[PDB]
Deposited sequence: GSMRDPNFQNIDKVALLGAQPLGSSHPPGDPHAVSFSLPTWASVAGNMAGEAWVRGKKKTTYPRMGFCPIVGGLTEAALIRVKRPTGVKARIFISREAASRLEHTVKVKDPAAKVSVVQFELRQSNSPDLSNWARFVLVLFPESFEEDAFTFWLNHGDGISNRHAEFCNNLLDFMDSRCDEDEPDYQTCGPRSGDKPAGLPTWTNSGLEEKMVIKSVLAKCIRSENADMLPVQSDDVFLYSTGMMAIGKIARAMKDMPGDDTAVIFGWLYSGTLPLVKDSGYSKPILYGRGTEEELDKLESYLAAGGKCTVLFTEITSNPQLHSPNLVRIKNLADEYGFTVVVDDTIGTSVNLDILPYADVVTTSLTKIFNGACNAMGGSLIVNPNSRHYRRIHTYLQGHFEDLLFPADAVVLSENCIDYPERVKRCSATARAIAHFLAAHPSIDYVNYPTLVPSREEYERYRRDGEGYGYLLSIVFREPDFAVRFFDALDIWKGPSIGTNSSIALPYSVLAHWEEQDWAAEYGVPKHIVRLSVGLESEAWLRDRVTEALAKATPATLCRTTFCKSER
């Protein structure tokens, strides 16, 4: 455990976290310093010093952060700007070879300067080019009236959370301090991160609805100004579709930037390029499938009226923080990304409609069955399906609980995996409260139908 091994290196009672950038580390150090100034917060960089090759030097670095063991929402500050697992292993191998600097926490490495005895080459650049190309190909619009996204309209970050924060920070440091709006995007760290980006109190329309849009449009017409709006297609966990057409009309008429997350309802399934100025994506999820690598994307629509100002910011502030091992497995697993989306989307519809028709369930959240099924159709590509995520609303919550227990599949917080996985309310607790969310995997429709059926029987008396 690189964390354990780095507390050993600094002779240690406190608690620690590890980050890739000097920047993100101190983003946490403030949160602790505000919750308790005069608390001894320590920020130690580890760096490999004598290394001819530029690969090891650039990547064999990290920031340990010690802070009083004496944990609010920093969950999304860490889950988001943390270090990769593949990265953190890469450092634990080399931790003896690298020195520290802050105190006595300036300890040099017992084996510093020694020549180590990685697979990837060139900072995984050729594989990142592959990743950018896939994202650019799949977001291409069915509209020939539009410019294509190119691979250099695509930006890659350590995680999806990080990609989100990076666009929030650009909007704020862009000229003109106007409000940020968050539309529906909930049950995630986006509102925390948007706050960490300088938008002190954004306007949250939490339900994603047209009523909420009305309130917004009244606001804007009254003379209220707004720099950016954040939204996410096929919202978690209810599979809602925001009205991306109306949002783009409001955006054109009142001058704000539209940022959509397409993680859940994929670019394979939906054509949203025409309504978004920027498109964020978590590559950790379905794009990868395997649950083994981490990565975030950020797509700047060359059609946006804000392309020049957004691209130039992101570019002038770009640092490559996608660890190359991650980048490699990602470029590998993302080739069947459209086929896995299509397969998973097909199974999901199946058992979504299966479960919809069982007398123990009140209704199922799936784009084919939710109030906004017609909104989803405005953006659904032909011959493409209805997504891999769904959620179950049972009639009696006792039943849901017995059902979840009896369900012999993977359980946990991940989505977009090649294996189906479920999560109850015990989690996703920072919309009924006995909801059971299902991310449908690459398994046969029968196998899944089997496991669901058996679990249904176990929960009935």
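- Residues of the deposited sequence that lack C-alpha coordinates fall in the stretches 1 to 72, 85 to 86, 145 to 147, 180 to 183, 199 to 200, 514 to 524, 556 to 568.
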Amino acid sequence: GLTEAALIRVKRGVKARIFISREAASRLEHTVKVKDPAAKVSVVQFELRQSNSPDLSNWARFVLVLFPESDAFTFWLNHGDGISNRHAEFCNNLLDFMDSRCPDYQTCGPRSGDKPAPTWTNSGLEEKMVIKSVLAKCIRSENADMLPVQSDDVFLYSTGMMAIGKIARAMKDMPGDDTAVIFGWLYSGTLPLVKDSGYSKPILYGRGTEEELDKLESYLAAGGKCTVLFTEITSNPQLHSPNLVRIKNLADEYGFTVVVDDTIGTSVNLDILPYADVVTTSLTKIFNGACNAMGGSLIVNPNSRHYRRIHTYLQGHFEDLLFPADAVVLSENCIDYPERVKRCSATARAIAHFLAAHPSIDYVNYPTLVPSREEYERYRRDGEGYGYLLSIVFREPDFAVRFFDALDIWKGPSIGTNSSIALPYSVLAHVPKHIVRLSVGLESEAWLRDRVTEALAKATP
From here on, numbers count along this sequence of modelled residues.
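- With 144 to 152 and 238 to 246 compared on mean CA B-factor from the PDB entry, the stretch scoring higher is 144 to 152.
- According to the PDB record, 168 to 176 carries the higher mean C-alpha B-factor of the two stretches 168 to 176 and 279 to 287.
- Per the PDB entry, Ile20 shows the highest C-alpha temperature factor of the residues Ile20, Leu438, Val452, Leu442.
- Between the residues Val401, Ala422, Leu28, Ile392, it is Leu28 that shows the highest Cα B-factor in the PDB record.
- Ranked within its chain, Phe97 lands in the highest third, by CA B factor from the PDB record.
- Per the PDB record, residue ranking by Cα B-factor puts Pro274 in the lowest third of the chain.
- Among the modelled residues of its chain, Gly295 has a C-alpha B-factor that falls in the lowest third, as given in the PDB entry.
- When the modelled residues of the chain are ordered by C-alpha B-factor, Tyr157 sits in the lowest third.
- Sorting the modelled residues of the chain by their CA temperature factor places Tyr386 in the lowest third.
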